[PDB]
Amino acid sequence: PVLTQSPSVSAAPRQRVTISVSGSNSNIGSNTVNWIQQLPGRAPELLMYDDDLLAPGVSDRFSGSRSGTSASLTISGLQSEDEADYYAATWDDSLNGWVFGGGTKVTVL
Amino acid sequence: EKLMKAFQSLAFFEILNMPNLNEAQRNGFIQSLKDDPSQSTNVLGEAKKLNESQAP
């Protein structure tokens with residue numbers, strides 16, 4: 003994957019976890035990042051866009067950030083329904099198209 | 730405007746992660762998404778129906 007995401011994370015309910023992704027100046031370094039939530043057998047859901055903006059209806063427990071060639075997604079007050087795979091997405095000027103990370107599994111104990 | 734683009738990324742993601750499609754079918758669907766974004770839904774639907782029909 004063009005984008006490199008953080009390894010799988012397991013946390014108890016009510017904990018705060020932060021997932022990260024790293025890229026280059028051709029993607030993250032120059033374009034805003036989007037975060038996607040993926041549940042088994044379901045369509046992917048847009049959680050955040052423009053680095054830190056919440057898609058309509060998304061819980062404000064999710065927050066985003068971007069600086070340099072990296073970005074991160076923070077989930078506060080983790081819940082059982084937060085267990086899923088989270089993917090980072092951004093535009094790459096070198097490839098002239100969308101690039102995606104490999105995904106990070108968030109497991110709620 | 731950024732929101733609509735982000736939403737556009739979703740279809741790309743789904744089609745990129747459909748395991749039962751050929752490389753040519755996948756590439757064709759992606760190219761459809763690039764050439765006519767207003768057809769996104771349609772494309773996706775078709776892709777889905779193909780990915781199900783070619784399941785093992």
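So the sequences go chain by chain: W and R.
Mind the numbering: the first sequence is residues 3 to 111 in the working numbering, read in order.
Mind the numbering: the second sequence is residues 730 to 785 in the working numbering, read in order.
Virtual Cβ for every residue (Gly too), placed ideally from N, Cα, C.
Interface flag, residue i vs chain W, CB-CB below 9 Å
| i | result |
| --- | --- |
| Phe742(R) | yes |
| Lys763(R) | yes |
| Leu745(R) | yes |
| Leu750(R) | no |
Proximity test, Cβ basis, 9 Å: residue i and chain R
| i | result |
| --- | --- |
| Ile77(W) | no |
| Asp52(W) | yes |
| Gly99(W) | yes |
| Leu41(W) | no |
| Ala73(W) | no |
| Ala57(W) | yes |
Partner residues on chain R for residue i, Cβ-Cβ distance less than 8 Å
| i | result |
| --- | --- |
| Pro9(W) | Residues of chain R passing the Cβ test: none, with the nearest at roughly 20 Å. |
| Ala13(W) | Under the 8 Å cutoff, chain R gives no residues; its nearest Cβ is about 25 Å from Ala13(W). |
| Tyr89(W) | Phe742 |
| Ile38(W) | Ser738, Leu739, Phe742 |
Host alpha helix (DSSP H) of residue i (start-end)
| i | result |
| --- | --- |
| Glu743(R) | 731-745 |
| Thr770(R) | 769-782 |
| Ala753(R) | 752-764 |
Per-residue contacts from residue i into chain W (C-beta, under 7 Å)
| i | result |
| --- | --- |
| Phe736(R) | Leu48 |
Chain R residues whose Cβ lies nearer than 9 Å to that of residue i
| i | result |
| --- | --- |
| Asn27(W) | Correct list: empty, because the minimum Cβ distance to chain R is about 19 Å. |
| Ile21(W) | Within 9 Å Cβ-Cβ: nothing; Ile21(W) doesn't reach chain R, min ~16 Å. |
| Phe64(W) | The premise fails here: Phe64(W) is roughly 14 Å from chain R at the closest Cβ pair, so nothing lies under 9 Å. |
Reference residue i; option with closest CA among the options
| i | options | result |
| --- | --- | --- |
| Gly43(W) | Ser769(R), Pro748(R), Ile759(R) | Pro748(R) |
| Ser78(W) | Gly66(W), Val19(W), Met50(W) | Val19(W) |
| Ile38(W) | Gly104(W), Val101(W), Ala90(W), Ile30(W) | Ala90(W) |
| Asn780(R) | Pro766(R), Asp764(R), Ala753(R) | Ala753(R) |
| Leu745(R) | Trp100(W), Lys107(W), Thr109(W) | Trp100(W) |
| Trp93(W) | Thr34(W), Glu83(W), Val23(W), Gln7(W) | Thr34(W) |
Contact set between residue i and chain R, taken where Cβ atoms lie within less than 7 Å
| i | result |
| --- | --- |
| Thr34(W) | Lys731 |
| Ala45(W) | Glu743 |
Extent of the continuous beta strand (DSSP E) run through residue i
| i | result |
| --- | --- |
| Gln39(W) | 35-40 |
| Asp62(W) | No beta strand (DSSP E) holds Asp62(W); DSSP gives it neither H nor E. |
| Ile77(W) | 72-77 |
| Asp87(W) | 86-94 |
| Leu48(W) | 47-51 |
| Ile30(W) | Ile30(W) -> no beta strand (DSSP E), and no H or E assigned at all. |
| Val11(W) | 11-13 |
Stretch-stretch touch, CB-based, cutoff 8 Å, three pairs: the region 735-749 of chain R with the region 64-78 of chain W: Counting Cβ pairs under 8 Å, fewer than three are found: no touch.
So, does the region 44-53 of chain W touch the region 7-16 of chain W, judging by three or more C-beta pairs under 8 Å? no
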